[PDB]
Each structure stands twice: as C-alpha cells, then as structure tokens.
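Understanding the architecture of this molecule
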Amino acid sequence: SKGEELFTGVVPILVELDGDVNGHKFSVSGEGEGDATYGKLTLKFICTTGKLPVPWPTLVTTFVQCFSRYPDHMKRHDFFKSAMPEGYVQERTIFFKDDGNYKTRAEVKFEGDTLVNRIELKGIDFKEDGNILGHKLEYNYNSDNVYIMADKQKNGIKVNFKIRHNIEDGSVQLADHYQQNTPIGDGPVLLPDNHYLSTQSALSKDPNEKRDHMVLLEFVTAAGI
C-alpha cells in the first residue's frame, strides 16, 4: 500500500507516554527499532518521573502494530501500514478483572523517518492493594492472539484480545482489551477481513540501567487467512 514501502527496512521508534492511574502521575519515554519484514520489535522504556506506579507488564500493549509481519498473501489486510505516514489514532479500554481500567488514546505516525507512538493513559477505579497498585505481577509476558476486524463506518478497525498477567502467587490477572484504530489522514486505508496477530514478547532488564525501565523484545505475525 501506501506506507507498506516505509517498512521494508529497520525503522527507528520513539514512544512517549503520559499517564495518570488513580492520581499517580508518571511519564515514560521509549526508544528502539522495528523491522516489519521479520515482525520484530526491540524497545527500551524509561520512567522519567521516578518509580513507575503500575507494573511494567501492564503497559506493554499500550507502548506499534504497523511492525507486525503481514504475509505477502495477506498484504491487503494490513490496515496499520496503509495509514502511514500520516498515521492512526489507537484507542483502548483495558479492563483488569476485579480491578480498575486503563483508557488510552494514542497517535502513531511518522515524524521524519521515525515512527512515533504518543500516548495519553488514564487509569481509574484501581484497588490500593490490588495486583496493579500493589505490584503483585511477575515481570514476564505470555502469548495470546490479537483479533482484528473491520470497522467499515469509522474506516478503521476494531481489535479485541485478552492478556493474562502472572500474579506472584501463581494466579492470573486478566486484562481484557478493547481497541479501535482510525486513520489520521484522509488517504485511503486497507480495511481487512477478520484475522489475528500471533504475538510473543520477552521482558528483560538492562544491567547497567539504574532508572526504572523495561526492555521489550517482540515478534508479531499476522495469520488466520
């Protein structure tokens, strides 16, 4: 499509988030690069305001699905790159079961040769000593497919999926994601048939980094068609 050509090589990525969860305000800056040819993302996030007041794993999905590898036979279904470079708005509600919710509004677009994800996050109705504000989640990440359908009325897409965060006691903290993406430009975009993204994420730490941070390595492939 349009932006598909913008992703044939390695693209630098910047992520900027401002958050407020139950009145706890924080900002995060991330940098890395993506290589959509391999569905590959490498990112490092730093909390610039001090200690992150929620667990890092709960922000992975908020912190650029244009880097997904769409198989050649599935190229007409790749909404995300088709909206580039002008980009898209990505909005979610993330419901943490028996706890609060995040609402996020993000704009994903090129600034020059750099793909930028700018996010505002608002979290409300969290429990003071629940799994999120009480930091009871393991620093790890599992799988789960991301389901995408057309929203042929907002000329965008609707995405739904579940994340299961691991609680330190061996249980699971469900995070139900509801997502909508809509192009920023007027340009034509690709409205896909139903399909899913297969995702894998690995979380790590930089041994030399003394700020609160997360290193993220992810691989994403479109499938289901």
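Residues numbered from 1 in each chain as written, not as in the entry; some residues may be left out. Heavy atoms only, no water. Residues with missing side-chain atoms left out of burial classes, pairs and counts.

For this entry, the PDB record names X-ray crystallography as the structure determination method and reports a resolution of 1.36 Å.

Stated formally: UniProt positions are given in the numbering used here, feature names are shortened, and annotations may be inferred rather than shown by experiment.
The PDB entry annotates the protein as Green fluorescent protein of Aequorea victoria. For the record of the protein, the UniProt heading Function holds the text "Energy-transfer acceptor. Its role is to transduce the blue chemiluminescence of the protein aequorin into green fluorescent light by energy transfer. Fluoresces in vivo upon receiving energy from the Ca(2+)-activated photoprotein aequorin." Recorded in UniProt under Subunit, the annotation for the protein is "Monomer."

**Structural notes on the pairing of strand β6 (residues 114-124)**
For a regular strand, the rule is simple: side chains alternate between the two faces of the sheet. Rules: The criterion for strand pairing is that DSSP finds at least two bridges linking the strands in question. Under the scheme used here, helices are H or I runs from DSSP no shorter than 4 residues and strands are E runs no shorter than 2 residues, and both carry numbers assigned from the N terminus.
As paired strands, strand β1 (residues 11-21) and β6 are joined by nine bridges and run parallel to one another. Looking at the pairing, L14 lines up with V116 of β6. Of the strand pairs in this sheet, strand β5 (residues 101-111) and β6 are connected by 11 bridges, and their pairing is antiparallel. Across the sheet, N101 pairs through a bridge with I124, a residue of β6. The hairpin turn running from β5 into β6, its antiparallel successor, is two residues long, and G112 in that turn takes a positive phi close to 65°.

**Structural notes on the packing of aromatic side chains**
Inclusion rule: Aromatic pairs are defined between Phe, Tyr and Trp rings, using the six-membered ring for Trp, whenever the two ring centres lie within 6.5 Å; interplanar angles under 30 degrees are classed as stacked, those over 60 as edge-to-face, and all others as tilted. Summary of the burial criterion: residues with accessible area below 20% of their type's maximum are buried, those above 50% are exposed, and those between are partly exposed, where the area comes from a 1.4 Å probe applied to protein chains only. Counted as over-ring charges are cases with an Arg CZ or a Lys NZ within 6 Å of the ring centre that also lie within 35 degrees of the ring normal.
Summed over all chains, the structure comprises 12 aromatic pairs. Taking 5.3 Å as the distance between ring centres and 75° as the angle between the ring planes, the aromatic pair formed by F7 and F67 counts as edge-to-face. Accessibility assignment for this pair places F7 and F67 in one class, buried. Feature note: the residues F7, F67 and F110 constitute an aromatic cluster, connected by ring pairs. Positioned above the aromatic ring of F7, the side-chain terminus of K81 is 5.6 Å from the ring centre. The cationic tip of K205 hangs over the ring face of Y139; the distance from NZ or CZ to the ring centre is 4.2 Å.

**Topic: the pattern of salt bridges**
The following threshold applies: For this document, the term salt bridge refers to a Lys or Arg side-chain nitrogen within 4 Å of an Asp or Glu carboxyl oxygen.
Counted under the stated rule, the structure contains 13 salt bridges. As a salt-bridge pair, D151 and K154 come within 2.8 Å of each other at their nearest N and O atoms. For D151, a relative accessible area of 12% puts it in the buried group. Between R211 and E209 there is a salt bridge, with the nearest N and O atoms lying 2.7 Å from each other. A relative accessible area of 46% places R211 in the partly exposed class.

**Section: the pairing of strand β4 (residues 88-96)**
In terms of burial, β4 is largely enclosed, as seven of its nine residues are buried. Counting the residues in the hairpin turn of β4 and β5 gives four residues, including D98, whose phi is positive at 60°.

**So, the side chain of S68**
Selection criterion: In what follows, a contact means two residues having at least one pair of non-hydrogen atoms within 4.5 Å.
Its location among the elements puts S68 in the loop between β3 (40-47) and α1 (79-82). The exposure class assigned to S68 is buried, which follows from its relative accessible area of 2%. The contacts of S68, once residues within four sequence positions are left out, are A36, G39, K81, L197 and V220.

**Quick look at the sheet that holds β4**
Note the threshold: The axes are straight lines fitted to the C-alpha atoms, using for helices just the contacting stretch, and the angles between their N-to-C directions are given from 0 to 180°.
Sheet architecture is closed into a barrel: 11 strands sit in the order β1-β2-β3-β11-β10-β7-β8-β9-β4-β5-β6, paired in mixed fashion. On average, each strand axis in the sheet is tilted by 20° relative to the strand beside it, whichever way the strands run. Sheet topology note: the strand β7 (residues 146-151)/strand β8 (residues 156-166) ladder contains five bridges and is antiparallel. Looking at β8, one finds that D151 is bridged to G156.

**Focus on a negative patch on the surface**
The line we're drawing: Within this analysis, patches are made of residues with over 30% relative accessible area and no salt bridge. Like charges are joined at 9 Å or less; nonpolar side chains (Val, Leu, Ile, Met, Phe, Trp, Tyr) at 5 Å or less. Residue burial considers only the protein chains on display, and all accessible areas are found by Shrake-Rupley using a 1.4 Å probe. Here the positive residues are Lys and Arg and the negative ones are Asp and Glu; neither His nor the chain ends is included. All charge positions are set by atom: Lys at NZ, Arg at CZ, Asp at CG, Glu at CD.
A cluster of acidic side chains, namely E16, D18, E31 and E120, defines a negative patch on the protein surface. Mapping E120 onto the fold places it in strand β6. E120 gets classed as exposed once you look at its relative accessible area, which sits at 53%.

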